[PDB]
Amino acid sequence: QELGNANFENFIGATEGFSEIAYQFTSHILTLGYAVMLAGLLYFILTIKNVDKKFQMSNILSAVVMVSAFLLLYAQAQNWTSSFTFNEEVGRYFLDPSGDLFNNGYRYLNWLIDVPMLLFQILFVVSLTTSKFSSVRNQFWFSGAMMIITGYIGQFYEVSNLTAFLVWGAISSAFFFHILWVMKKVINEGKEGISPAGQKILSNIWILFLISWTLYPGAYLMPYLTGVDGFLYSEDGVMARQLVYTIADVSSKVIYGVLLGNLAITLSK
């Protein structure tokens, strides 16, 4: 059977199949995913009147990210349970084509709209010094878009064409480093003028941002991190990838938004 330009999850499910644990876990971690986003949406809305009017735009953007995040991730959780059916004879879940092939695309388009908002909301809490608001914003939005788009193309060839998969991943990485660079400037200029408490938080935000955002490219390579025909090129790699995505999503959106809220309160009078 020819799957073509499909994610490696389909190849594992079509050949070896998934064990009760592998399948169930992936379902639970994706379910917990959209559950956290709807819980976060409620939090950011109920805590809007806890910061000065000038910082409230941060809670609004956090809520915007949560909504879309819930819908896309909710669909992604359905794309999984629908693409794999249990085989009584062997007692493993195999690719059910009638439910469509599983694709990490829904999550990539969730980033396309999130990335821009996540990078833009910090500009409503911190105050730039030598950098222009419009300038920083435009850089984030451009590099952010190019990073997602290029990566979205590569993930389609993560099996069919390993070369194209890495080339696009590399190009994407380029824009990723540029974002890290601009964000570093914003953090530094943000620390200037605020209390030691506010600086302490911005320091934590930078570490969170650095680690959480690095997990994404990690999940992208997950199936080949132990080389071809490696330990991760199995159902173990599938669990690992979806787990890492879930950890990254919660950290980069929910926790990131909570810290911005805490900073907003610290600067509130």
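Whichever C-alpha set is largest while still superposing within 1.5 Å between the two forms counts as the rigid core. Position 1 is the first residue in the sequence shown; the rest follow in order.
- Displacement analysis by core superposition in 5 other deposited structures of this protein ranks 105-113 above the other of 157-165 and 105-113 in root-mean-square C-alpha distance from the shown form.
- Stretches compared: 225-233, 65-73. Higher mean C-alpha B-factor in the entry: 225-233.
- With 81-89 and 129-137 compared on mean CA B-factor from the PDB entry, the stretch scoring higher is 129-137.
- Per the deposited record, the Cα B-factor of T26 falls in the middle third when ranked against the other modelled residues of its chain.
- The entry lists a Cα temperature factor for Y43 that places it in the lowest third of the chain's modelled residues.
- Ranked within its chain, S160 lands in the lowest third, by CA B factor from the PDB record.
- Per the deposited record, the Cα B-factor of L210 falls in the highest third when ranked against the other modelled residues of its chain.
- Ranked by Cα temperature factor within the chain, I265 sits in the highest third according to the deposited record.
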